[PDB]
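What follows is one chain in structure tokens, specifically the form deposited in one PDB entry.
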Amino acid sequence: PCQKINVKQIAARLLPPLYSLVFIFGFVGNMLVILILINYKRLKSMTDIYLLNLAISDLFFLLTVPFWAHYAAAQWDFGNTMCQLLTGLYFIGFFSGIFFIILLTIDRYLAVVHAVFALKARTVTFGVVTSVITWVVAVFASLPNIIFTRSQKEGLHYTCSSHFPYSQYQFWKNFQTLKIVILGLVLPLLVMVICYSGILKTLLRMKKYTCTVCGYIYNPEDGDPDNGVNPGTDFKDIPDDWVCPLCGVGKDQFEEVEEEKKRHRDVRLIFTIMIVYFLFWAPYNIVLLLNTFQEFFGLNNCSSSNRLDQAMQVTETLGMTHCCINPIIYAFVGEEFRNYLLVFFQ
């Protein structure tokens, strides 16, 4: 490419304190989640198995962060095996992380959309069996990347980087780009759209409504058959000529009842987890897509080559930072996690 700017002198001063902070806050955060799930929650649910495995893949990702900090500040002083091992934990940590967020979304889809089936399908052992396969798939998805990585001496300094075979370089840039973009953005986004379409459809058709005038409660499960409303009818699907079976007021005098079912309330946490993941990682996937491909489809200039390379460094740093965010989410969005802390203190 073009004669890029030396940001290595800046990165040596800026990245080590940042990475040290992320590591401390993340290690403390994910260790707390793990001990709270294994000792207070005791892993009695399928959800608890996936939440534990999600914390473990964040910890795997975290263990690498102190090594990248030293490398930034000095050089690669850890040797070749360490370079492949840590690159390995970074890719494995990443892929398994998004795989456990997908499993948590499908786990919720079953409990909410196929409720009676989920009673027999959502078991702890199935959660453990599916966790093992997930880890194996993540290891195999990360394998080409571990093989291309090595430690080498470039003049006087030691490096730890990925080296694609030349006269095949564009093929591997293209292949490794589409692998991260499909598995880290296209796959979770497709899961999200399909699963939350079904979840939202169930949540809405089971929504209870109450009359603000007489206090009558409409339950879609019962309907109002004496007024020609069949059991199983969503309140929003009732024609506007229907009136309250008690006081006789219109549909406009009705208000939504707050969610009572714990399985329906649990949708808020898992949806927040997936949406926060996209805020931290979608910027990287889009910059990665632009830097590899759209470099020909859009900007090929020397100035844009440097701008897109610096943007790749910033967005990957933002993504890395995500390994310390889920514990914050559980503390504020998770009902059980905040209730435990209230008893533990008092």
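The term rigid core refers to the maximal set of C-alpha atoms that superpose within 1.5 Å between the two forms. Numbering starts at 1 and follows the sequence shown.
The following text describes the form deposited in another entry, which does not appear among the structures shown.
No residue in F271, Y90, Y158, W135 other than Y158 shows a CA shift of 2 angstroms or more between this form and the one not shown after fitting the rigid core. Superposition of the core reveals a Cα shift of less than 2 Å for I38 between this form and the one not shown. Taking 2 Å as the criterion, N301 counts as shifted between this form and the one not shown: its C-alpha moves by at least this amount when the rigid core is aligned.
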